[PDB]
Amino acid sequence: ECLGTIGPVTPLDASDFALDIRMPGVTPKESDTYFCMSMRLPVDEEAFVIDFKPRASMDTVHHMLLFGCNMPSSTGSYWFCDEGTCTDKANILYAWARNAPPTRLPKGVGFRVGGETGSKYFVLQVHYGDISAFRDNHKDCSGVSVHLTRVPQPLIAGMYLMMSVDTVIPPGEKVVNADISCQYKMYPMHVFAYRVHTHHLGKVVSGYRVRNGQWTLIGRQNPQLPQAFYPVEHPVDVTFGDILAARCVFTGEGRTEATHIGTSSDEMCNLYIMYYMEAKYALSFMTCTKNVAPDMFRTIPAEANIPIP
């Protein structure tokens, strides 16, 4: 342990405590290695994550992810995240890039963990991007501190994940569109941040809320930037009756054969939409894996198609 003697649980006032989540002194051998560790919640009952503080090496940490899950992919001290992250759904809670904004939780908003439904584990992913072979051993203890409370929060945060699966990229087609769309049928969620995931053929990912045929932008981004959470300037209310619809733009230029949307020889079109909902009607995760309203896309705004290099 990098000499740090901070302690894995720190009590705060009565109902709160901080959870130092830190790599157990690891040593990366190639630039672009993703290391993973897990931390169990110390409480069995329900708690609320209400804040984070990055503790990343200035000199080499590129990216950090924190997820919430019940079954991490390993039980050893640490592992290579290529192996997996969680065996079950890895529910993303926090993201950090060097020089990207970190996006703070709004006041009164907490992620729900523990209890019957809540994630039992945190898994931390630290991407090292920039390494010298003279570092010998080094020993890095990068991670994050997390502020938890058992004071029930009034708004609860969650992740609405949009995923594409029925789309293929014929090689050399300059522009290929992957569209996603599901009906919204829960209580109101209010969208306040978003992240976009795609492999290297992705050009731009956009996400919208369509209400009575009018599209409101949730967020838009080139997915080859640092894949952190970008804040929504004004949070978008999404409501029973509305449709959520995204739109991944790919290229097949330079490619030999058809690329699919399913490993790193595939592609992916993921849009991670981070929301809050009033506590009594809330849920921590939702997913769309379909395109139920494909014809609607002929009327999608023109900004959805314009590149962001």
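The numbering used is simple: start at 1 and walk along the sequence shown.
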property: Residue 262 to residue 263: deposited residues without atomic coordinates; result: 1 to 3
property: Between the two ranges 142-150 and 194-202, the one averaging a larger CA B factor in the entry; result: 194-202
property: 40-48 or 22-30, whichever carries the higher mean Cα B-factor; result: 22-30
property: Largest Cα B-factor, entry values, listed residues 117, 75, 181, 177; result: 117
property: Peak C-alpha temperature factor (PDB record), options 14, 286, 292, 300; result: 14
property: Lowest, middle or highest third - CA B-factor, residue 57; result: highest
property: Residue 68 - Cα temperature factor, lowest/middle/highest third of chain; result: lowest
property: Chain third (lowest, middle, highest) by recorded CA B-factor, residue given as residue 234; result: middle
property: Residue 101 CA temperature factor, ranked by third within the chain; result: highest
property: Third of the chain's Cα B-factor distribution that residue 171 belongs to, per the entry; result: highest
